[PDB]
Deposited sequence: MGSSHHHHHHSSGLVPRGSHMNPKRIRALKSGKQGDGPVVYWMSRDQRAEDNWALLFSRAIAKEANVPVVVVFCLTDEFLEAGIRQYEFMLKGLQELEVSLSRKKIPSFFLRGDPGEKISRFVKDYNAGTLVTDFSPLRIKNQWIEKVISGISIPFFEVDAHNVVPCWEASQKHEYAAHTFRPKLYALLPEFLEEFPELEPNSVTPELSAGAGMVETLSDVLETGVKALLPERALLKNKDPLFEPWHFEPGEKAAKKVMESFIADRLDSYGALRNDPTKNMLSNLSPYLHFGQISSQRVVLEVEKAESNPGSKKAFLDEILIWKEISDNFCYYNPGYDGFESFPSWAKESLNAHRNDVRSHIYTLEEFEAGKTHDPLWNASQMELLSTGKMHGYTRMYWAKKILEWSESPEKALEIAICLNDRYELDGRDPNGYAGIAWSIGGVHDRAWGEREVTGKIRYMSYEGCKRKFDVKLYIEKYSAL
């Protein structure tokens, strides 16, 4: 195991109790580096390993679609973890008070947690460090190359982050070792019942008092991601590089909700893809999305504290947008109109309806749905707020570094370039509705999501 995957957050007095793994971003038993790093340090200490998950108070900021998808996987994870004699403990409340009290009550020896560059995670780490006296480590279990090792600074483009991540693939793209089993605070069903009950008033309903979310598209679970990845390699991998810009076809891997919650490892997906025989043009297209653009999103959120603000934009984009702030917008809609899909664009309305109904809108339409927010907002800062709101609320893969890096590109050209100067939008890359008609059947995408 590579010691570059682990980092030291706080040196402390080594206890004699079980090494506690604070699982958060990577909710899986297989291909979890942090779970394997926590098992080896537990073996060297002749002490059992225990995992802990914190159901935070901010779960009401999302919806039932994210609460049910994440809990259903944990109901499956508790079984698999018990098959290796690893008990799981699910605390409900603030991590700063729950982790520090659990470590003290159980005489923990070492604390381990997965890596997440989001601001809400660094908020929890700041609180737990002030109330613990044992060693505290963090492990990058999400990225193939550790986020602090792929680059020591923010990469302004994909062509400059590609040769750094690819040159480090021969060292970090490796097979996973077996999760050795151990030598020897309520039911998750009750947390789902009471949690959904508090989320029913804010459930996305239609006019007929019926909900919008269709929860039969992506079944959750670690075994569920096993079948989705196998179905993509066998059926959709050969045709990926040619129909990934066509939202009328379901030609994507559909692994993003399993990737966000950590129910599947991107390293495991790359391993099976790299050994699969298919079109080299389609293989390069998928690896560039799951390796480059995915791990550069963690690069954007790690080295830019204001990743969700106007200040993280490139210097050319801030000057371009500022030079067009006072331009008369074509039309201005409110958050309630963008949320209900009540605009003058049927293609945009169809992209919002797919976001409302499935919780996973096509990748190409995500670029159109977010850029049109900037064209129909009072200011770039308002377009950022509206885009991040509708993304984090309805996307099953929402509240992920991929979203903020994808939103900062549509509204601020992050990891892009300067194009022709237009009004309102400035030099940000513009995508027209007529340009989408010559790209795919827009009429089929609209009629599909009435």
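Next item on the list: Go through the deposited sequence from residue 1 and tell me which stretches lack C-alpha coordinates, in order.
Entry: According to the deposited record, C-alpha coordinates are absent for 1 to 20, 205 to 214, 481 to 482, which together make up the missing parts.
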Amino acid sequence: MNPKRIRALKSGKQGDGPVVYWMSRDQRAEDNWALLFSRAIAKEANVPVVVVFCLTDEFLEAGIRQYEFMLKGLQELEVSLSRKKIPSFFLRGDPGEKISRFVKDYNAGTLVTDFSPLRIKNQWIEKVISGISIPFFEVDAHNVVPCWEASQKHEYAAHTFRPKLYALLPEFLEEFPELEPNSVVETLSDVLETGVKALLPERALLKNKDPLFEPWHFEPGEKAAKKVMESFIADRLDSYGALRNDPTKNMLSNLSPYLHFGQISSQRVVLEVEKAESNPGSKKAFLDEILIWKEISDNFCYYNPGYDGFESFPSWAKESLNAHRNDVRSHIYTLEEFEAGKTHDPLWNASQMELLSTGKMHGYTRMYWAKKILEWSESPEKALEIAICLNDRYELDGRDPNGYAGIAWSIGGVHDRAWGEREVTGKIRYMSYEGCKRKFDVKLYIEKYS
From here on, numbers count along this sequence of modelled residues.
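Here the rigid core means the biggest group of C-alpha atoms that line up within 1.5 Å when the two forms are laid on top of each other.
Notebook entry, point to check: Once the rigid core is matched, which of the two stretches, 194 to 202 or 343 to 351, lies farther off on average in 5 other deposited structures of this protein by C-alpha?
Noted result: It is 194 to 202 that deviates more in 5 other deposited structures of this protein.
Check: Between 207 to 215 and 164 to 172, which has the larger RMS C-alpha deviation from this form in 5 other deposited structures of this protein after core superposition?
Finding: Clearly, after the core fit, the stretch farther away in 5 other deposited structures of this protein is 207 to 215.
Check: Which of the two stretches, 325 to 333 or 150 to 158, shows the higher mean Cα temperature factor in the record?
Finding: According to the PDB entry, the answer is 325 to 333.
Notebook entry, point to check: Once you work out the mean C-alpha B-factor for both 90 to 98 and 307 to 315 from the entry, which is higher?
Noted result: Result: 90 to 98.
Check: Say you rank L118, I296, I134, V144 by Cα B-factor from the PDB entry; which sits at the top?
Finding: That would be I134.
Notebook entry, point to check: For the listed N122, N182, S357, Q263, which has the peak Cα B-factor recorded in the PDB entry?
Noted result: So the option with the highest C-alpha B-factor is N182.
Margin query: Ranking the modelled residues of this chain by C-alpha B-factor as given in the entry, is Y166 in the lowest, middle or highest third?
Written below: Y166: CA B-factor falls in the middle third of its chain.
Next item on the list: Pull the Cα B-factor of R366 out of the PDB entry and bin it into the chain's lowest, middle or highest third.
Entry: According to the entry, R366 has a C-alpha B-factor in the chain's lowest third.
Next item on the list: Please rank the C-alpha B-factors of the chain's modelled residues and tell me whether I388 sits in the lowest, middle or highest third.
Entry: CA B-factor rank for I388: lowest third.
Item checked: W348 by Cα B-factor - lowest, middle or highest third of the modelled chain -> For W348, whose C-alpha B-factor we compare with every modelled residue in the chain, the answer is the middle third.
Check: Among the chain's modelled residues, which third holds the C-alpha B-factor of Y106?
Finding: Highest third, going by the recorded CA B-factors of the chain.
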